[PDB]
Each structure stands twice: as structure tokens, then as C-alpha cells.
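Given next, in C-alpha cells, is a single chain: the form deposited in one PDB entry.
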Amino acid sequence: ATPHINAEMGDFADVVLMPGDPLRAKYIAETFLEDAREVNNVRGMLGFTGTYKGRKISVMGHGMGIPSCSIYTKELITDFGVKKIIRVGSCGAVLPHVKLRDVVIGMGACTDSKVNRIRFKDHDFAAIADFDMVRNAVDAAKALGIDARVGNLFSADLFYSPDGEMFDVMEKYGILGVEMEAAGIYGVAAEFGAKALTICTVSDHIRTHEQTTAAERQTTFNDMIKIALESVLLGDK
């Protein structure tokens, strides 16, 4: 067991889907996994390991923000043999043509955090996802008839940012989604030798102001989870 995960080598699959909310991980294990088994509950960060069309799969929340997910993704990679991490969460849109419920694949991740500068001697480190994983997700998406944009995300440290102007700069440079973890997960993966990918569903719109609503949430969310699970299968082949 590690400082933040009470489990043992073997309890997790080599791939792990990770939403921010611990209750979402649970819902996922109950809606997409067979023989779901709870493997962790320290600090309430629920973790599950089951099967999907025969494939062993794990799902566990990672909390909010870079510092939080870095801890879990790190422990999973060094003490439980996890090879692939797949973040499945929500994000805020800045581009007018990017509407709600839209699915975005984070090929890269911009951030205003200092974690990567500390790792890269104060220079610019391009936090990127594993190419094959991105490719898998795009193909699984087409096979499901679900749209998907591939590009840059922005991992912010402050959900309530005092710098309003920064959103215009984001828009100008084509940021597809604003969240709070991608840049950190790519840093950890690169540092500890693993692969990662971040997939997000456009919740609210930073401009228009309007979060998720009705039953559209679940359906769109299920599409994201579906895309992630199928991408793992295309990767095993």
C-alpha cells in the first residue's frame, strides 16, 4: 500500500480511467464494469476494478487540481504497475463554435501552474499525451458516431481566476477546453515513464455561463466513458 491508496500490487488493472469526482468512478463501475470490486476508499477516493468485454479495467477518482491528481497518478504508476491513465472529466469552453456536450481530446495541455517548470529547469515543457492513445480515442469515437475535437486544453490552478483577460488569450490560441489536471498528468507520466490521455466533456461555457443540465449530462458523459473504454480495446489489438 502507498500513503494515499490502501491496496496491493494486483488490485488494479494496467489501465485506469479517472474522473475527478469519486462518486462518478463508482457510477462508472456500476454502469460499465462486471464483477466490480472496490479496491480503495482512503480519503474517500473510491477505486474499482472490474471487467469490460473481458478486459480487466480499473476506475478511481483523482480529486481536483494538479497537486491532487499528481499524487494518485504517481502512486498508481510506481506501486501498482499501472501503464495507462485516462482522465475522463468536464471542462469549460472558450471558443464560440465549441458548444456544450462536445467531446474534446487533449493532445496537449497548457497551464499556468509551475510544476513542469520546476521539472524542466524553468524552460517550456510541452505537456503532451501518448500519440497512440489519442489515435485510439479518435477511432473509437468515429466507430460510435460521436464527434470529437483534438487539440489543446488549459489546466488552470484557480477555478476562480482573477485574471479575466487570460480567457481572450486562450481563445486566440485555440484552447478547446479549460480544466484543472491534464498538464499535471502529462508531467507525471513523462517523469515516471507511463502513458496518459485526457478526454473531457464540455460542461458550462466560461462566456455564456451555463453548466450541465437535465438528462443531457448522463448521456453525453456515458458517450465519453464509452469512447475511453473502446479505445483501450483498440490499443490491446
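Only the largest set of C-alpha atoms that superpose within 1.5 Å between the two forms is called the rigid core. Residues that one form lacks are left out of the comparison. For every residue, the number given is its place in the sequence shown, counted from 1.
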**Request:** Could you settle it for me: does 162-170 or 99-107 have the higher average Cα B factor in the PDB entry?
**Result:** 99-107
**Request:** Compare the mean C-alpha B-factor of 181-189 with that of 43-51 as given in the PDB entry, and name the stretch with the higher value.
**Result:** 43-51
**Message:** According to the Cα B-factor stored in this entry, which of the following is highest: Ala29, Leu197, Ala194, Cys69?
**Reply:** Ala29
**Fill in**
From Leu144, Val115, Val150, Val82, the top C-alpha temperature factor is at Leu144
**Message:** Considering every modelled residue of the chain and its Cα B-factor in the PDB entry, is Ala126 in the lowest, middle or highest third?
**Reply:** lowest
**Fill in**
Temperature factor at the Cα of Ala140, chain-ranked in thirds, falls in the highest
**Prompt:** C-alpha B factor of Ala36, ranked within the chain: lowest, middle or highest third?
**Reply:** highest
**CA B-factor ranking of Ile206, expressed as a third of its chain** = highest
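The next section is about a form of this same protein that is not shown, the form deposited in another entry.
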**Prompt:** Do you see a C-alpha shift of 2 Å or more at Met9 between the shown form and the other one, with the core held fixed?
**Reply:** no
**Message:** Given a core-based superposition, decide whether the C-alpha of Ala214 shifts by 2 Å or more between the shown form and the other one.
**Reply:** yes
**Message:** Quick one: with a 3 Å or larger change, is the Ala215 to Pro19 CA distance smaller or larger in that other deposited form? Answer closer or farther.
**Reply:** closer
**Request:** Since the C-alpha distance between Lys142 and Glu216 changes by 3 Å or more in that other deposited form, give its direction relative to the shown form: closer or farther.
**Result:** farther
**Request:** Considering only residues modelled in both forms, extract each run of at least three consecutive residues whose CA displacement is 2 Å or more throughout between the shown form and the other one after core superposition, in sequence order.
**Result:** 213-220
